[PDB]
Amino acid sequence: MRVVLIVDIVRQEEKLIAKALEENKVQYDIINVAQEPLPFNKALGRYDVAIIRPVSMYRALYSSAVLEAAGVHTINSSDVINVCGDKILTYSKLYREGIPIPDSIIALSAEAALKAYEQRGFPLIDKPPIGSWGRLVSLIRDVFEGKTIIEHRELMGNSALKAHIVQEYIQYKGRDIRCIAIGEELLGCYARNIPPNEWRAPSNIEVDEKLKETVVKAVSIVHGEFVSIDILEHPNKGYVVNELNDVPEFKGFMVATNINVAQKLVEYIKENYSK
């Protein structure tokens, strides 16, 4: 077996993954896609599998696609990256399967956004389908607030930042739950509590079964191989899926959970892509 690790900005995660490959005696090399171009050639086919780690979605998407063209299986796959990287696409797969999500209405213009606000009532959450580190997630309390948010989103220099995901405002336990799965296997979860005085959110949490099931069904449906899952507790739904990440960070995960994520990843790869 030989693996290629695809990176652009090498963080602790990619170092850990590199380190895990070496000491598990896996043949590998690194291609830095911030530095090297990717031909549509046939001899990238020398790798049995690629670990897709670029820090930007377009780099992850396109490097996976190029490697796929050469017959190389990528973790994660280009289709999975396209789904996890877009909340509307993620919500669509989950909703179809009956996996709970925050109650959501999609609006694709300023006019539609106001109508969605009106259909949903206040308070509500409005976020775009892309990015963004808690960015552009707005808690909207009345029509005046909505109208100014609509105007600000309209003037964003990006097209997908203009689609609105209009959601119920979930407030129950004041925390975000993040989990990591390798294949169908849940490694663990930790909780991120909302800081004072915010409305928006690091300790290990014991995973009850209701949580484990929510997470495992979510990964199965998006076909994820190495992903994180962000979960919100809901008073009636129990647990709803908020987000999947197809290039998950795990330094904050490793410290809360004690799980050697990198080791689990390389073991997984050995089991499934060796011969």
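Don't overthink the numbering: it's just position in the shown sequence, from 1.
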Quiz item: Does the entry skip any residues of the deposited sequence between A201 and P202, and if so, is it 1 to 3, 4 to 9, or 10 or more, or none at all?
Solution: 4 to 9
Quiz prompt | 208-216 versus 223-231 - greater average Cα B-factor per the deposited record | solution = 208-216
Quiz item: Between 120-128 and 134-142, which has the larger average Cα B-factor in the PDB entry?
Solution: 134-142
Quiz item: Taking the values straight from the PDB record, which of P248, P54, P37, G45 has the highest C-alpha temperature factor?
Solution: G45
Quiz item: Among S92, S109, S159, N82, which residue carries the highest C-alpha B-factor recorded in the PDB entry?
Solution: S159
Quiz item: Once the chain's modelled residues are ordered by C-alpha B factor and cut into thirds, is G183 in the lowest, middle or highest one?
Solution: middle
Quiz item: Lowest, middle or highest third of the chain for the C-alpha temperature factor of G71?
Solution: middle
Quiz prompt | For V240, the third of its chain into which the C-alpha B factor falls | solution = middle
Quiz item: Based on the entry's values, in what third of the chain does the Cα temperature factor of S64 lie: lowest, middle or highest?
Solution: lowest
Self-check item: CA B-factor placement of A191, once the chain's modelled residues are sorted into thirds
Solution: highest
